[PDB]
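Before any questions on how it binds or moves, here is one chain, the form deposited in one PDB entry, in structure tokens.
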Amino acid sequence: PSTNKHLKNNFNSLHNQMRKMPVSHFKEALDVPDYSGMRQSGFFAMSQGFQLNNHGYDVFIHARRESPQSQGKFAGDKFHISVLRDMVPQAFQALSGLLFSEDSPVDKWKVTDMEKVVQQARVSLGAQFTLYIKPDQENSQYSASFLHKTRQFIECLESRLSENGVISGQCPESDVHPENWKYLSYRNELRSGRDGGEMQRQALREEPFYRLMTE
């Protein structure tokens, strides 16, 4: 009895429902900070419903909707966004409207503060954004409409980045992604074994959430 068990037993149903739904529209927000502003969130800041902070003891600027739209418990699903290091600020600004959108299915996310990490380290080369996904229903099961909304959202991020000519960064070796995702990648540590490497990625690819997001 769990989020994943539900996805497995309703695998085809969810996919069939999703593929029949109309394109989702996300009203992008304009009153959002630019990357420098984001880095200046300090102890506390707020932009269109999202609480922000960049504590000195961390290297990420966290964003969390005060009013969470998903009522389920986090089941490990998350996405990373990888862009060329020198383009993090450009990528942030390009995605800011969607990331702060009243329509975004993502209640919580964070972006790396490039000034706090070593240029040579992998944290600077990719996965500069992290989007946390959690089941929308109180019983912690994903609804077809939410899955569709989440996939449409992620694909919207992909198109915005490509349209802005943003160059892809280096995807983490721990994540997986299909050929058509140039910036997005998926990961779920809740079930990523202890083997890592190829074995870990193959396990992720069989995850029903990932397959519903890509097939």
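Shifts are known only where both forms have a C-alpha. One-based numbering along the sequence shown. For the two forms, the rigid core is made up of the largest set of C-alpha atoms that agree within 1.5 Å on superposition.
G196, though modelled here, lacks coordinates in at least a third of the other entries of this protein that were compared and that model residues flanking it. Across the other compared structures of the same protein with both neighbouring residues present, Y183 carries coordinates in every case, with no third of them leaving it out.
Between 187-195 and 12-20, the higher mean Cα B-factor belongs to 187-195. Of the two segments, 143-151 and 167-175, the one listed with the higher mean B-factor is 167-175 (C-alpha atoms only). Between the residues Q93, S82, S104, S124, it is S124 that shows the highest Cα B-factor in the PDB record. Residue set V111, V88, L98, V117: peak C-alpha B-factor at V117 (per PDB entry).
When all modelled residues of the chain are sorted by CA temperature factor, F43 is found within the highest third.
Ranked by Cα temperature factor within the chain, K27 sits in the middle third according to the deposited record. In the PDB entry, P33 places in the middle third of its chain by CA B-factor. Sort the modelled residues of the chain by CA B factor and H62 lands in the middle third.
Among the modelled residues of its chain, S2 has a C-alpha B-factor that falls in the highest third according to the deposited record.
Another form, the form deposited in another entry, is not on view; read the next lines as being about it.
Among the candidates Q69, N164, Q170, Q152, the CA atom that moves 2 angstroms or more between this form and the one not shown after core superposition belongs to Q69 alone. Relative to the superposed core, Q119 undergoes a Cα shift of 2 Å or more between this form and the one not shown. In contrast to the form presented, in that other deposited form the C-alpha positions of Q51 and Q119 draw closer by 3 Å or more.
Shown here is a form in which the CA atoms of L157 and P68 lie at least 3 Å closer together than they do in that other deposited form. The rigid-core fit between this form and the one not shown yields the following 3+ residue runs with every Cα displaced by 2 Å or more: 66-69, 118-123.
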